[PDB]
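Engineer: Residue numbers (PDB author numbering), protein chains in the order written: chain B, 5 to 315; chain C, 5 to 315; chain D, 5 to 315; chain E, 5 to 315; chain A, 5 to 315. Where is the CB? At the ideal position from N, CA and C, for every residue including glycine.
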Amino acid sequence: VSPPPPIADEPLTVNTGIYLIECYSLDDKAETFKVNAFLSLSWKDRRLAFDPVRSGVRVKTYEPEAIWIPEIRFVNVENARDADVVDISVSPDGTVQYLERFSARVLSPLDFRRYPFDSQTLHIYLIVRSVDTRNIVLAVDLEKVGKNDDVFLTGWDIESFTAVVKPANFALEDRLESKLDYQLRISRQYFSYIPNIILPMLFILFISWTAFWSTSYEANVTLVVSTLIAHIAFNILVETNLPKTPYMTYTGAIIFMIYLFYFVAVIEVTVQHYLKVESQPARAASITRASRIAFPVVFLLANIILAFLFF
Amino acid sequence: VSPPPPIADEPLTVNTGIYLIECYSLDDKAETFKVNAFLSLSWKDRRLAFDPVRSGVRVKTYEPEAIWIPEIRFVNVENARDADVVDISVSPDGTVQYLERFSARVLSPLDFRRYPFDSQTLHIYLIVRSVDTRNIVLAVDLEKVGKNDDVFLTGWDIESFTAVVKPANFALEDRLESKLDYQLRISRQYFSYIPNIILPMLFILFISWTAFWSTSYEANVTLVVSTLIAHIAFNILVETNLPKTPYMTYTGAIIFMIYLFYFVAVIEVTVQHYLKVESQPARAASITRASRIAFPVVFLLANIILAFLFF
Amino acid sequence: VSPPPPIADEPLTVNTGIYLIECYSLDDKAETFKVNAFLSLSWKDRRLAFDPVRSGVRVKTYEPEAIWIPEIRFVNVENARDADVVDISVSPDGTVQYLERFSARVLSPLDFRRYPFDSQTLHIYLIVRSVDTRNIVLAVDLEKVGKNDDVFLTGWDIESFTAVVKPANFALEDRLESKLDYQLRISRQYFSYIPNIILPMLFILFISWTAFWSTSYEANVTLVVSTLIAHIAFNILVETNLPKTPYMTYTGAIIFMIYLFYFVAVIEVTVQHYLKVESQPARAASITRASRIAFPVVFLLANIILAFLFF
Amino acid sequence: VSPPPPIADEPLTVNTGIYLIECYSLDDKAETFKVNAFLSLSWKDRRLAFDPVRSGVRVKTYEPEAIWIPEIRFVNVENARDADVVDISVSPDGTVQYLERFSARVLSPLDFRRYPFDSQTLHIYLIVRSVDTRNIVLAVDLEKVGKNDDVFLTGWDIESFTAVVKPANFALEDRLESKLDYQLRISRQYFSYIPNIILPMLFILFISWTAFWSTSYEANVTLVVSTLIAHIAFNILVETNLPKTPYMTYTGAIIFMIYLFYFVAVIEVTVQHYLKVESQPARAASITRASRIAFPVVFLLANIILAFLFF
Amino acid sequence: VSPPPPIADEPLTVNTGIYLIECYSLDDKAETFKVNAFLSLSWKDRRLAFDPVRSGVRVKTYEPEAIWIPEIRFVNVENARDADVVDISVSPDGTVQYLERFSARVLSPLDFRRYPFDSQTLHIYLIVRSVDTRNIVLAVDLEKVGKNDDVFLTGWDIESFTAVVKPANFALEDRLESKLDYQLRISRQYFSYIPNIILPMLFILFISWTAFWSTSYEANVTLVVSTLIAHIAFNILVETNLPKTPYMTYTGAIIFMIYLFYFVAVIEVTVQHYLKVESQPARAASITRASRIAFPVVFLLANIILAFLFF
Ligand SMILES: [Cl-]
Ligand SMILES: [Cl-]
Ligand SMILES: [Cl-]
Ligand SMILES: [Cl-]
Ligand SMILES: [Cl-]
Ligand SMILES: [Cl-]
Ligand SMILES: [Cl-]
Ligand code: NA
Ligand code: NA
Ligand code: NA
Ligand code: NA
Ligand code: NA
Ligand code: NA
């Protein structure tokens with residue numbers, strides 16, 4: 005088999021469409037997601053023209069091996085897609101209607117800067133390489149682009165699934181390549197992070213601040229050190245759900261900042277004890293009373309600054 | 005091969021059945037379950053009809069490649085099913101009896117609102133796409149729907165395996181699609197959650213309340229802070245067995261509420277110490293004595309409210 | 005190809021045998037084990053009979069596709085077995101000797117009631133479905149049932165590998181099915197549980213009982229609470245190696261009971277301190293002295309009761 | 005195709021060789037290792053003999069399907085090897101030279117008695133089953149046994165890769181079987197265990213012994229209990245890297261013994277406090293001073309005894 | 005098919021090129037990385053030469069089976085590459101242009117000495133084995149070596165992708181082997197290690213040094229022991245992201261050194277308490293005041309020494 009011949013000198017247009025059936029396993033650490041979808045392809049092959057009068061049938065059904073099929077691949081996939089041909093329908097003029105159902109693990113970079121209040125644009129890049137006899141170009145059939153109503157991505161809200169209609173045509177290894185960008189817009193369901201991570205982290209921090217209403221050094225050391233250890237546990241828990249980033253994430257910034265609050269609280273607790281042993285409790289009382297206001301105030305202002313810089 | 009031709013204009017009815025052999029790996033985080041079952045298919049192909057008295061044979065056995073077989077797929081599967089054809093039998097009138105044994109990983113959303121006292125309806129969606137020559141519709145042969153007595157799903161009780169007899173017929177990408185809903189009703193075996201999570205979580209909370217019978221601030225801080233850390237460990241353990249939900253689960257609600265009880269207990273312990281240092285122990289005694297009743301009473305009432313809102 | 009015709013009306017007997025080469029990956033949580041074995045099949049096919057004199061051969065070798073072979077399947081497997089045909093030999097009377105080497109992941113329920121001092125009976129269910137032409141029945145060739153001397157299952161002792169000679173013949177989807185039960189009896193190597201879990205768990209519990217020889221409330225709170233946290237860690241460790249069961253396991257029962265001992269120890273420590281503060285130490289001394297005997301005695305008797313109920 | 009006929013009655017000798025290209029993933033828990041190697045096979049087939057003078061060709065190249073090839077398998081593999089034929093060459097006398105590149109996951113038991121200062125002998129068992137026409141025997145071509153210079157097994161030192169030249173010939177299921185033992189000798193790189201596990205474990209134990217220079221019961225309880233919890237963490241960490249063994253490992257023996265030292269240290273701390281409360285500090289001082297010498301001395305002697313019993 | 009015959013006695017030159025499409029999953033523990041790339045091959049086959057005038061074409065497109073193709077393999081891969089042929093083109097003089105898209109898991113040793121401020125040279129080794137008929141040698145077509153601009157390796161910066169132009173020609177089992185070294189230079193994005201591991205580890209260590217401004221032994225024991233436990237948690241966390249090395253890593257050296265600082269801090273805290281109990285506090289004050297300077301000074305100098313030895 006060889007590609008369809010050009011009537012003039014034009015490239016062969018392969019109309020494409022992706023219909024999402026299932027979306028699952030969005031792995032934040034791996035920056036991957038699994039997809040199960042329909043891939044529709046359409047091109048004119050005049051060598052397959054037929055008379056419905058002679059053949060009896062109005063539409064011809066072919067096996068993939070019997071006819072020429074464009075070598076369509078995905079750019080951003082771990083391994084080649086697991087594909088099963090559903091139908092190959094050829095109409096009298098030679099217009100081929102190809103339909104396959106596929107499953108693939110897609111590589112798509114994620115921006116964690118606003119985590120867990122982040123939104124992402126997942127990409128599925130469709131590609132075709134031009135052959136010697138003729139250049140192959142990709143197009144989007146908007147009528148064949150969509151998603152099933154039941155498509156759910158655990159821990160995410162699906163906003164839209166659209167395609168950039170204009171392909172990216174470029175030279176690669178002395179041949180033309182036609183690339184299409186299918187975009188799946190999603191927003192993270194931040195809900196569960198509030199009762200599971202955010203609020204427990206705030207509770208332990210506020211518990212450490214009870215040391216500002218205590219003169220007992222040994223109880224203060226227990227309050228600040230124990231809650232710090234619990235904060236380390238939450239820091240470790242958060243970083244297990246995330247990849248290592250060359251930038252600070254919103255959660256990472258708050259988590260890091262809270263360490264400074266624990267560190268200054270230890271200094272205050274140390275300074276307070278030192279002065280009381282030195283028979284200067286009036287002075288220790290001034291520092292402790294100021295800390296009761298300073299710690300929640302500086303914490304509120306620093307969080308307003310952080311929220312502003314990130315959102 | 006081509007589909008059987010219609011006698012009038014009727015769609016081709018493909019009778020279906022699923023017989024469960026094995027049910028395993030219900031993954032709560034992934035919202036998947038693995039299945040090993042028999043898939044039975046039945047349709048009329050008049051081009052295959054034969055005389056019973058002339059032929060001598062009452063049934064004719066065909067290889068899948070020798071005859072036309074409807075392209076039956078599962079909607080909610082990770083990858084295409086691993087299938088092996090068991091038998092193909094044709095009766096004199098041309099009624100085809102198809103049987104295959106398959107294995108598949110099924111995507112089925114789970115409602116965790118009542119966890120670990122939750123019940124689920126797992127779905128297996130059967131689908132057929134119509135051809136240009138004729139429309140293909142699915143039907144349920146109730147005699148061929150069932151499950152093996154030995155079918156066990158670890159940590160779950162299997163209630164029923166039924167099929168919604170009426171298919172969901174709809175247009176998808178300019179062709180008819182016939183969808184059947186096979187439902188596997190299950191209820192969670194909550195047993196183990198009681199001695200492993202619920203009771204140990206209650207024991208540590210009740211241990212924190214012993215601080216209401218102690219005047220020792222240093223020991224009280226140790227009691228409330230250490231038990232809170234153990235509660236954080238149980239919160240982390242519970243969330244590792246569950247996916248992130250855009251709603252509160254029953255267990256999640258209790259776990260979150262218990263943090264408030266630890267927080268108020270720290271306030272009480274702080275207030276008690278502060279008053280004793282201020283030479284007001286008669287007062288600290290009134291707050292401590294009230295706390296001995298208030299804490300278990302508010303805990304009981306809040307749990308009755310939560311159980312009512314969730315069940 | 006079609007099944008061998010009956011001389012009278014008798015069912016076709018397929019003699020079976022399983023020879024274990026490798027046993028590995030017994031997953032307690034998944035209730036699975038992997039197997040690598042020889043599967044031997046034997047049946048009479050008169051159509052393949054030959055005379056040794058005119059043929060010059062005492063035996064005839066065939067390719068699987070050249071002759072009829074019974075569709076033998078495993079009931080309790082995750083996916084269909086990975087099989088490679090080793091040999092197909094035909095004797096003059098048409099007696100076929102089939103041999104394949106296979107690998108499979110087997111689903112077999114485990115009884116954890118006596119864990120880690122439990123014994124299991126793993127099952128490998130062989131099955132054949134009858135055809136319209138004739139009924140196919142399975143039999144056991146005891147001479148072809150066995151295991152390699154080097155067969156080792158990590159963390160387990162292999163007792164026996166036998167087959168229930170009488171098949172379970174029953175109707176499934178209007179066709180008769182012949183099922184054989186191959187049983188692999190194993191006993192858990194409990195050894196490592198003693199120095200790694202049992203003894204460390206007993207040491208921390210006995211350490212909490214040193215509080216009965218101390219009047220220091222602050223030190224007592226530290227002793228009981230810290231060891232309880234270590235007991236929670238062991239409870240979590242044990243439950244990670246086990247699936248969730250709708251019954252109590254022997255280890256689970258001891259682990260749960262130990263929480264009650266920690267809870268009563270906290271009450272004793274609280275009662276002791278309360279009385280001392282109330283200027284009643286003579287009385288606290290009576291409760292503490294009684295606890296020194298009561299705690300180890302009640303622990304010994306409760307363990308005798310538990311061991312009796314479980315073994 | 006059929007096997008080469010014997011000139012007299014001799015068995016067919018299949019000369020073998022394994023050349024290791026890659027060694028990776030030595031899984032201690034699973035007792036497996038992955039291998040990527042060349043498998044070389046050589047045997048005489050007189051039916052393939054040719055004249056080198058008239059043919060003008062010294063060697064003939066065949067495709068696997070064109071000639072008879074012995075069914076060579078591995079005994080100790082999870083699944084059948086993933087093999088690709090590299091070359092088949094036939095000399096004028098009919099000597100066939102077969103070469104394939106394969107990858108396999110090998111099951112090989114490990115002796116953990118001396119862990120992490122252990123050495124292992126990994127096995128790769130080559131096997132051939134005799135055919136009815138003739139007996140097949142295996143041999144080692146030492147000229148075709150070896151390993152690539154770059155072969156590295158992470159966390160291990162590769163000593164040698166040799167083959168036991170004499171095959172193990174035995175009857176299995178009424179046929180002869182010829183088995184070869186390829187041995188890969190390795191020694192564990194214990195280096196990292198010293199700064200990561202051994203020394204931190206010794207530091208915390210020596211920190212618990214500072215309680216022998218303290219009269220403060222509350223601080224002593226904190227010293228011994230906190231370090232014991234850290235020892236439990238190291239015990240858990242060590243057991244996660246190891247399978248469960250029906251014997252004591254060297255590390256396991258030390259870890260278990262250290263618990264006894266923590267237990268006796270708690271007794272000493274309890275006895276010391278009890279005597280001081282009883283107004284007997286002169287006596288408590290004698291026990292504490294003796295403990296300062298006894299604890300490190302008994303620890304040193306017990307470790308010498310353990311090292312002697314294990315090495 | 006047979007290899008192209010030599011015009012004189014020259015070896016067959018196979019020009020190669022690798023164009024990286026995707027780089028993902030750099031596993032530090034496994035010392036592997038996954039790659040998705042184009043593999044280009046070019047060689048002269050005179051038997052395929054044609055006249056452009058006579059044929060009416062300037063290029064000839066073949067199927068892989070129709071012509072001779074060199075058996076090109078990767079040395080350092082887990083399993084054989086997953087490859088799909090994209091195009092095969094023949095010029096009039098018999099110059100073959102082969103293009104395939106492949107995916108492979110590559111084994112490449114990593115030097116962790118400078119972790120997490122390390123740089124690596126990942127290798128992809130291309131190999132060809134000579135045939136009895138002729139010697140095959142590999143070459144690099146620099147015009148066909150490169151990478152896509154979007155190629156990202158999570159947690160790493162990609163510096164360059166170059167090839168060592170001269171192959172490593174050597175004998176392996178009496179046949180010439182031609183090996184090419186494709187090098188992917190990467191540098192670790194150390195950023196996240198600073199707020200997640202380095203700084204929290206420094207904060208807890210500096211918190212342990214507050215004990216040098218405290219005379220309270222019980223609070224000092226709590227300060228040093230609790231922070232040491234948190235340091236053990238960070239040591240465990242770091243070692244889970246790394247394989248076991250027969251050398252010290254930069255992070256491993258700092259982590260190990262910090263244990264010595266905790267150990268000496270416990271000695272100081274013990275010595276201080278012992279002297280105060282012995283009625284020698286003036287002396288304890290001299291040791292404590294010296295420790296306030298000695299600990300941060302020795303820590304700074306030891307870190308300068310370590311940074312110098314490692315970088
Ligand atoms: Cl693809
Ligand atoms: Cl399917
Ligand atoms: Cl099977
Ligand atoms: Cl094999
Ligand atoms: Cl390869
Ligand atoms: Cl050489
Ligand atoms: Cl050569
Ligand atoms: Na084609
Ligand atoms: Na068909
Ligand atoms: Na304390
Ligand atoms: Na057959
Ligand atoms: Na062959
Ligand atoms: Na070829």
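Give every residue whose Cβ lies closer than 7 Å to any heavy atom of ligand 13, listed in chain order.
Structural biologist: Here the residues come out as A:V5, A:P68, A:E69, A:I71, A:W72, A:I73.
Engineer: Using the Cα positions of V149 (chain E) and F165 (chain E), report the straight-line distance between them to the nearest angstrom.
Structural biologist: As a first step, residue 149 (chain E) must be located in the fourth sequence, where it is residue number 145. As a first step, residue 165 (chain E) must be located in the fourth sequence, where it is residue number 161. Each residue's alpha carbon lies about 8 Å from the other.
Engineer: Can you tell me where the alpha helix (DSSP H) with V61 (chain C) in it begins and where it stops?
Structural biologist: As a working note, residue 61 (chain C) is residue 57 in the second sequence. Careful: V61 (chain C) lies outside any alpha helix (DSSP H) and carries neither H nor E.
Engineer: Please report the straight-line C-alpha distance between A175 (chain C) and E181 (chain C), rounded to a whole angstrom.
Structural biologist: As a first step, residue 175 (chain C) is located in the second sequence; it is residue number 171 there, counting from the start. As a first step, residue 181 (chain C) is located in the second sequence; it is residue number 177 there, counting from the start. In a straight line, the C-alpha of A175 (chain C) is about 6 Å away from that of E181 (chain C).
Engineer: Taking the CB atoms as reference points, tell me whether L126 (chain B) and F37 (chain B) lie closer together than 8 Å.
Structural biologist: The sequence position of residue 126 (chain B) within the first sequence is 122, counting from 1. The sequence position of residue 37 (chain B) within the first sequence is 33, counting from 1. Yes, Cβ-Cβ distance for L126 (chain B) and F37 (chain B) is below 8 Å.
Engineer: Leaving out five residues on either side along the sequence, give the residues of the same chain with a beta carbon under 6 Å from the beta carbon of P15 (chain A).
Structural biologist: Position 11 of the fifth sequence holds residue 15 (chain A). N139, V141.
Engineer: At 3 residues or longer, what runs of the beta strand (DSSP E) sit wholly inside the region 80-150 of chain C?
Structural biologist: Segments of the beta strand (DSSP E) lying fully in the region 80-150 of chain C: 86-94, 99-111, 123-133, 140-144.
Engineer: Listing by chain order, which chain A residues have their CB less than 7 Å from the CB of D136 (chain B)?
Structural biologist: On the first sequence, residue 136 (chain B) is found 132 positions in, with the first residue counted as 1. Those within 7 Å of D136 (chain B) in chain A are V63, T65, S93.
Engineer: Consult DSSP for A215 (chain A) and reduce its assignment to one of helix, strand or coil.
Structural biologist: Within the fifth sequence, residue 215 (chain A) is the residue found at index 211, counting from 1. Three-state DSSP puts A215 (chain A) in a helix.
Engineer: Tell me whether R192 (chain A), by its Cβ, gets closer than 7 Å to a heavy atom of ligand 4.
Structural biologist: Taking the first residue of the fifth sequence as position 1, residue 192 (chain A) is located at position 188. Not so, every heavy atom of ligand 4 lies at least 7 Å from the Cβ.
Engineer: Counting only Cβ pairs nearer than 9 Å, list the residues of chain D close to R58 (chain C).
Structural biologist: What you label residue 58 (chain C) is simply residue 54 of the second sequence in a count that begins at 1. Near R58 (chain C) there are no residues of chain D at all, since even the closest Cβ is about 18 Å away, more than 9 Å.
Engineer: Just the residues with CB closer than 6 Å to a heavy atom of ligand 4, in chain order, which are they?
Structural biologist: Counting every residue whose Cβ lies closer than 6 Å to a heavy atom of ligand 4, we get E:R77, E:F78, E:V81, E:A84, E:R85.
Engineer: Within this structure, are the beta carbons of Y66 (chain D) and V94 (chain D) separated by less than 8 Å?
Structural biologist: By one-based count along the third sequence, residue 66 (chain D) stands at place 62. By one-based count along the third sequence, residue 94 (chain D) stands at place 90. Their beta carbons are under 8 Å apart, which means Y66 (chain D) touches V94 (chain D) by this criterion.
Engineer: Tell me where the beta strand (DSSP E) around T158 (chain A) begins and ends.
Structural biologist: Here the question's residue 158 (chain A) lines up with position 154 in the fifth sequence. No beta strand (DSSP E) contains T158 (chain A), which DSSP labels as neither H nor E.
Engineer: Since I190 (chain E) is in the beta strand (DSSP E), which residue starts that stretch and which ends it?
Structural biologist: The residue you call residue 190 (chain E) lines up with position 186 of the fourth sequence. 180-192 is the span of the beta strand (DSSP E), which, as asked, contains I190 (chain E).
Engineer: Among D:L227, D:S59, D:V18, D:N40, which has the Cα closest to the Cα of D145 (chain D)?
Structural biologist: The residue you call residue 145 (chain D) lines up with position 141 of the third sequence. Looking at the Cα atoms, D:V18 is the closest of the given residues.
Engineer: Does any residue of chain E bring its CB to less than 8 Å from the CB of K248 (chain A)?
Structural biologist: In the fifth sequence, the residue the question calls residue 248 (chain A) occupies position 244. Yes - at least one Cβ of chain E is within 8 Å of the one on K248 (chain A).
Engineer: Tell me which residues share the same chain as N224 (chain D) and place their Cβ nearer than 8 Å to its Cβ, disregarding the 5 neighbours each side in the sequence.
Structural biologist: The residue labelled residue 224 (chain D) in the question sits at position 220 within the third sequence. Excluding residues within five positions, the ones whose Cβ falls inside 8 Å are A215, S218, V273, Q276, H277.
Engineer: Can you find the residues in the same chain that come closer than 7 Å, C-beta to C-beta, to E163 (chain D), ignoring five residues on each side of it along the sequence?
Structural biologist: As a working mapping, residue 163 (chain D) is identified with position 159 in the third sequence. Closer than 7 Å at the Cβ level, and outside the excluded window around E163 (chain D), lie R189, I190, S191.
Engineer: Just how far apart, CA to CA, sit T20 (chain E) and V168 (chain E)?
Structural biologist: Counting from 1 along the fourth sequence, the entry for residue 20 (chain E) is found at position 16. Counting from 1 along the fourth sequence, the entry for residue 168 (chain E) is found at position 164. About 12 Å.
Engineer: Against chain B, does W217 (chain A) count as a neighbour if the rule is that its beta carbon must be under 8 Å from one of theirs?
Structural biologist: Position 213 of the fifth sequence, counted from the first residue, corresponds to residue 217 (chain A). Closer than 8 Å to some Cβ of chain B, the Cβ of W217 (chain A) qualifies, so yes.
Engineer: Taking Cβ positions only, does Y23 (chain C) come closer than 8 Å to chain D?
Structural biologist: Position 19 of the second sequence, counted from the start, is the residue given in the question as residue 23 (chain C). Answer yes: the Cβ-Cβ gap between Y23 (chain C) and chain D drops below 8 Å somewhere.
Engineer: When you compare each of C:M261, C:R51, C:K248, C:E282 to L114 (chain C) by their alpha carbons, which one comes out closest?
Structural biologist: Counted from its first residue, the second sequence places residue 114 (chain C) at position 110. Answer by Cα proximity: C:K248.
Engineer: Which two residues bound the contiguous alpha helix (DSSP H) that contains residue 330 (chain A)?
Structural biologist: Nothing about residue 330 (chain A) can be read from this structure; chain A reaches only from 5 to 315.
Engineer: Use the C-beta contact count for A41 (chain C): other C-beta atoms within 10 angstroms, 16 or more gives buried, fewer gives exposed.
Structural biologist: The count along the second sequence starts at 1 and reaches residue 41 (chain C) at position 37. Burial call: buried.
Engineer: Taking Cβ positions only, does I211 (chain C) come closer than 8 Å to chain D?
Structural biologist: What you label residue 211 (chain C) is simply residue 207 of the second sequence in a count that begins at 1. Closer than 8 Å: yes.
Engineer: Among the candidates A:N80, A:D91, A:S59, A:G60, whose CA atom is the shortest distance from the CA of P68 (chain A)?
Structural biologist: What you label residue 68 (chain A) is simply residue 64 of the fifth sequence in a count that begins at 1. Measuring from the Cα of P68 (chain A), the nearest candidate turns out to be A:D91.
Engineer: Taking the continuous beta strand (DSSP E) assigned at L16 (chain C), which residues delimit it?
Structural biologist: Taking the first residue of the second sequence as position 1, residue 16 (chain C) is located at position 12. Where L16 (chain C) is concerned, the enclosing beta strand (DSSP E) stretches over 16-31.
Engineer: At a cut of 8 Å, does the region 195-210 of chain E reach the region 73-93 of chain D through at least three beta carbon pairs?
Structural biologist: Touching, no, given that fewer than three Cβ pairs across the two stretches are closer than 8 Å.
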